[PDB]
Amino acid sequence: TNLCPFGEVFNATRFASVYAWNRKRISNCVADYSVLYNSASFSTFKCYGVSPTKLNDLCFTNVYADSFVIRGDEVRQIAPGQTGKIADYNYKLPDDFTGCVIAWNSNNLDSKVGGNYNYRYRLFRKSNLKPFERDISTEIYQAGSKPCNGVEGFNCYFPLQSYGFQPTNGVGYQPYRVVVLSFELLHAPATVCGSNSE
Amino acid sequence: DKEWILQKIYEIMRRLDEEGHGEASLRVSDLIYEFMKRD
Ligand SMILES: *[C@@H]1O[C@H](CO)[C@@H](O[C@@H]2O[C@H](CO)[C@@H](O)[C@H](O)[C@H]2NC(C)=O)[C@H](O)[C@H]1NC(C)=O
């Protein structure tokens, strides 16, 4: 009966920073994925299982919607098998991902004259993230031979950096809002069904 | 070791930000990432 509240995700006023990406569980509702696909101008809308139209005949236990902001030239890392600053240290998709990755330019909401400092990314980490792992820690990172003891200094860095988005950036360095839809199929009665299911 | 040059590149990244060179700072950040991946 209920229509799935994709609007609460895609139309949120503020998005999460990628290092602390947000996840919303979508359950117990009817989802029209073709209407979502057509709901706005997207720069990326790449599904790794089936297409939106084909999604509309499918039912899932839950749908997860992960959202955050990155640079336009980083959206390519939100994909199975990719490496880079974002895929390694911030948000990692599994090699067997079969959901959808959706993105759009948000220069008009997430940039500021003089630099927006609300959005940050992790620049340093001792190891790469596991798929769907989330690291919100802020331990001073030991880049050199000597321990940091919790104090910033020589080769001892705060692990997050601000994007500093300014509207005059080149488009590859402009902010993009990203939504990743994961389609969960447990051994369970479905709770999220497409518009043309059954 | 890379300790001195890593620190200098880190410091330029931070200075470029404070001076509003927000996009130049991101280019330096990318280099820090690639540099630190190397042995
Ligand atoms: C995000 O917000 C926009 C703006 O309200 C929604 O677009 C409207 O959708 C309704 C129903 O489909 C239409 O009747 C309006 O004409 C749309 N307005 C515009 C300006 O396109 C959009 O549906 C929302 N996104 C999601 C995923 O819910």
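Under the PDB entry, the name given to chain A is Spike protein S1, and the source organism is Severe acute respiratory syndrome coronavirus 2.

Take the interface of chain B and chain A next. Every contact between the two is made by 19 residues of chain B and, on the other side, 29 residues of chain A. Buried surface at the junction of chain B and chain A, both sides included, amounts to about 2100 Å², of which 48% is carbon and sulfur. Three residues, B:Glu3, B:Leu26 and B:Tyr33, lead the burial of chain B against chain A; their summed loss comes to 30% of the area buried on that side. Linking chain B to chain A there are three salt bridges.

Two side chains carrying opposite charge are able to pair once their charged atoms lie near each other. Under the counting rule described, the total for this entry stands at 14 salt bridges over all chains. Here A:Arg125 makes a salt bridge to A:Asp135, at a shortest N to O gap of 2.8 Å. Placement of the pair is A:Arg125 in the loop between β7 (120–122) and β8 (141–142) and A:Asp135 in the loop between β7 and β8, with a sequence separation of 10 residues. The class of A:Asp135 is buried, set by a relative accessible area of 13%. Counted as one network, the salt bridges with shared partners bring together A:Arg71, A:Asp73, A:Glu74, A:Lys85 and B:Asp30.

For the rest of this paragraph, the subject is the nonpolar core. Residue and element names in this part refer to chain A. In this structure, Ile78 and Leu181 are the most contacted members of the largest nonpolar core, which totals 57 residues. It is strand β11 (residues 175–184) that provides the largest number of residues to this core, a total of six residues. Sequence-distant contacts of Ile78, defined by excluding residues within four places in its chain, comprise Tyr48, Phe68, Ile70, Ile86, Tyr91, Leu93, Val101, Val178 and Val180.

All names here are of chain A. At 2.1 Å, the distance between the sulfur atoms of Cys47 and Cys100 falls under 2.5 Å, matching the disulfide given in UniProt. Within this pair, whereas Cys47 is found in strand β3 (residues 44–47), its partner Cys100 is found in strand β6 (residues 100–105), the two being separated by 53 residues in sequence. Where 2.5 Å serves as the upper bound for a disulfide, the S to S distance of 2.1 Å between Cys148 and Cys156 confirms the link that UniProt reports.

A few words on the environment of A:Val75. Residue and element names in this part refer to chain A. With respect to the helices and strands, the residue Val75 is situated in the loop between β5 (62–71) and α4 (85–89). Distance from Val75 to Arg120, taken between C-alpha atoms, is 15 Å for residues 45 residues apart in sequence. Look past the residues within four positions of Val75 in its chain and what remains in contact with it is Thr44, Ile70, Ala103, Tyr176 and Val178.

What follows deals with the side chain of A:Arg122. Residue and element names in this part refer to chain A. If you trace the backbone, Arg122 turns up in strand β7. Taking relative accessible area as the criterion, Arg122 reaches 2% and is therefore assigned buried. Of the polar contacts made by the side chain of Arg122, one reaches the backbone oxygen of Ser137; its length is 2.9 Å. For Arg122, the contacting residues outside a window of four places in its chain are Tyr19, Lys85, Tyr89, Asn90, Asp135, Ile136, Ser137, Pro159 and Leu160.

This next bit is on the site of the ligand. Residues and elements named next belong to chain A. The local shell around the ligand consists of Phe6, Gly7, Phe10, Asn11 and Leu36. The side chain of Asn11 places a nitrogen or oxygen atom 2.2 Å from an oxygen atom of the ligand. If the ligand stood free it would expose 580 Å²; the protein chains cover 30% of that surface. A breakdown of the residues in the shell around the ligand according to their chemical character gives three nonpolar, two polar and no charged.

Attention shifts here to the sheet that holds β6(A). Residue and element names in this part refer to chain A. Overall, antiparallel pairing links the five strands, which are arranged β1-β5-β11-β6-β3 in an open sheet. Among the strands making up the open sheet, the edge pair consists of β1 (22–26) and β3. Strand after strand, the sheet turns through a mean of 15 degrees between neighbouring axes, direction not considered. The sheet contact formed by β1 and β5 spans five bridges and is antiparallel.

The next thing to look at is the sheet that holds strand β4 (residues 59–60) of chain A. Residue and element names in this part refer to chain A. Overall, mixed pairing links the three strands, which are arranged β2-β12-β4 in an open sheet. The outermost strands of the open sheet, each flanked by one partner alone, are β2 (29–31) and β4. When β4 meets strand β12 (residues 192–194), the two strands line up antiparallel, connected through two bridges. Bridged to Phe60 within β12 is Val192.

Glancing now at unusual backbone geometry. Residue and element names in this part refer to chain A. The phi dihedral of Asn28 falls on the positive side, at around 60 degrees, and the residue is not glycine. Structurally, the position occupied by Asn28 is in the loop between β1 and β2. Residue class for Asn28 comes out exposed when judged on its relative accessible area of 56%. At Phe132, a position not held by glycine, the phi torsion is positive, near 65 degrees. Relative to the helices and strands, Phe132 is located in the loop between β7 and β8.

Conventions and cut-offs
Along each chain, numbering proceeds from 1 in written sequence order. Entry numbering may differ, and residues lacking coordinates are not shown. To label them, take the chains in the order written and letter them from A, then take the ligands in the order written and number them from 1. Remark: hydrogens and water are excluded; side-chain values derive from all non-hydrogen atoms of the structure. Residue contacts follow a heavy-atom distance rule, with two residues in contact if any of their heavy atoms lie within 4.5 Å. Two parts lose some accessible area (1.4 Å probe) when they are put together, and adding that loss for both gives the buried area. Criterion for a salt bridge: a side-chain nitrogen of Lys or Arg within 4 Å of a carboxyl oxygen of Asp or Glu. Each helix is a run of H or I in the DSSP string that is no shorter than four residues. Each strand is a run of E no shorter than two, and both are numbered from the N terminus. Relative accessible area decides the class of each residue, using a 1.4 Å probe on protein chains only: under 20% of the type maximum gives buried, over 50% gives exposed, and in between gives partly exposed. Joining through side-chain atoms within 4.5 Å is the link that ties buried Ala, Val, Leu, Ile, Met, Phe, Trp, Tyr and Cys residues into a set, and such a set is a nonpolar core. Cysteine sulfurs are considered disulfide-paired once they come within 2.5 Å of each other. UniProt positions are given in the numbering used here, feature names are shortened, and annotations may be inferred rather than shown by experiment. Side-chain atoms alone can form a polar contact between residues adjacent in sequence; in general such a contact is a pair of N or O atoms within 3.5 Å, and within protein one must be able to donate a hydrogen while the other accepts it. For this description, a residue counts as near a given molecule or strand if any of its non-hydrogen atoms is within 4 Å of it. Shrake-Rupley sampling with a 1.4 Å probe provides the accessible areas, and residues are treated as covered by the protein chains on show and by no other component. Side-chain classes follow a simple rule in which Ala, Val, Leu, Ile, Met, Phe, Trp, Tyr, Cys and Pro form the nonpolar group, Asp, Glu, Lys and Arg form the charged group, and the remainder, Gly included, forms the polar group. Note on pairing: DSSP must find at least two bridges between two strands before they are called paired. Every axis in this analysis is a line fitted to C-alpha atoms, fitted for helices over the stretch in contact. Angles between the N-to-C directions lie between 0 and 180 degrees.

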